[PDB]
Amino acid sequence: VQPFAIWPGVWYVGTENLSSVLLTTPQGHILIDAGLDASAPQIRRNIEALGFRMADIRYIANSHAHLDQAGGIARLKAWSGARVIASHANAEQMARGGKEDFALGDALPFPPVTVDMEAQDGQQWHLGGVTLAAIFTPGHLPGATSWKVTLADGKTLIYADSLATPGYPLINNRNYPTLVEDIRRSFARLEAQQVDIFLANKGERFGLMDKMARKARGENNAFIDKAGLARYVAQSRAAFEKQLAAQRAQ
């Protein structure tokens, strides 16, 4: 619940398990994701509780354009002056406020927001000694993006997007035809990443609460988890392949 340091220069400012990660630098900050629209005022408070200025955020990066990752972006952009970075498909869905979702339709809208800088696969941004790089990991949404960070101290952090496919029709899905091929390739791309710090779009996917408690009790390396991303992919792959096999049997 309370915001805290994951690692020097890396802070958790999300609301409950909706991840929002602040990378602080002498040139200003990067924020990855922003919860629900309702999370936005709390994220401002959480950043402030850590002693930072939300107005110092220079970039807001989105993993994927669902209401619980991009919902707070419109307000945080407005208040902070940050430039929003996201893949093309996420930018299109954000412009629609989450509507026309291949699986949800218009069921779960959120405040529309304009992406200022479209991310291409492998594209890098540099700020205050930190490098932020986009890793396209489609499947949960066509534009789903994981983010690779090289910190000023040389540590590598990966913020992995969702690999979940909740209720998704996988066979002849004419709204998102390539989803099976995409997600299987995302599994491989992510599990091979060299990573010191493993984070993800929801706290339960990276052990947020257990690691936070250890960290608060003096385990400085609690978020160093070099095999955690590979474990997350394995857990996701097993569930996905069971899903595809079950749907083939329908």
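One rule holds for the numbers: they count along the sequence shown, beginning at 1.
Novice: Select between 60-68 and 204-212 the stretch whose C-alpha atoms have the higher average B-factor in the entry.
Specialist: According to the entry, 204-212 carries the higher average C-alpha B-factor.
Novice: Looking at the entry, does 213-221 or 187-195 show the higher mean C-alpha B-factor?
Specialist: Comparing 213-221 with 187-195, the higher mean C-alpha B-factor belongs to 213-221.
Novice: Going by the entry, which of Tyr159, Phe102, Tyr168, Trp125 has the most elevated CA B factor?
Specialist: Comparing C-alpha B-factors across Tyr159, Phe102, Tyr168, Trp125, the top value belongs to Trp125.
Novice: Is the Cα B-factor recorded for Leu36 in the lowest, middle or highest third of its chain?
Specialist: It belongs to the middle third of the chain when residues are ordered by C-alpha B-factor.
Novice: So where's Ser87 on the chain's Cα temperature factor ranking, which third?
Specialist: Lowest third of the chain for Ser87's C-alpha B-factor.
Novice: In terms of the chain's CA B-factor thirds, is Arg174 lowest, middle or highest?
Specialist: For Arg174, the deposited C-alpha B-factor lands in the highest third.
Novice: Where does the C-alpha B-factor of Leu244 rank in its chain, lowest, middle or highest third?
Specialist: Ranked within chain, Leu244 CA B lands in the lowest tercile.
Novice: C-alpha B factor of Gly98, ranked within the chain: lowest, middle or highest third?
Specialist: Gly98: CA B-factor falls in the middle third of its chain.
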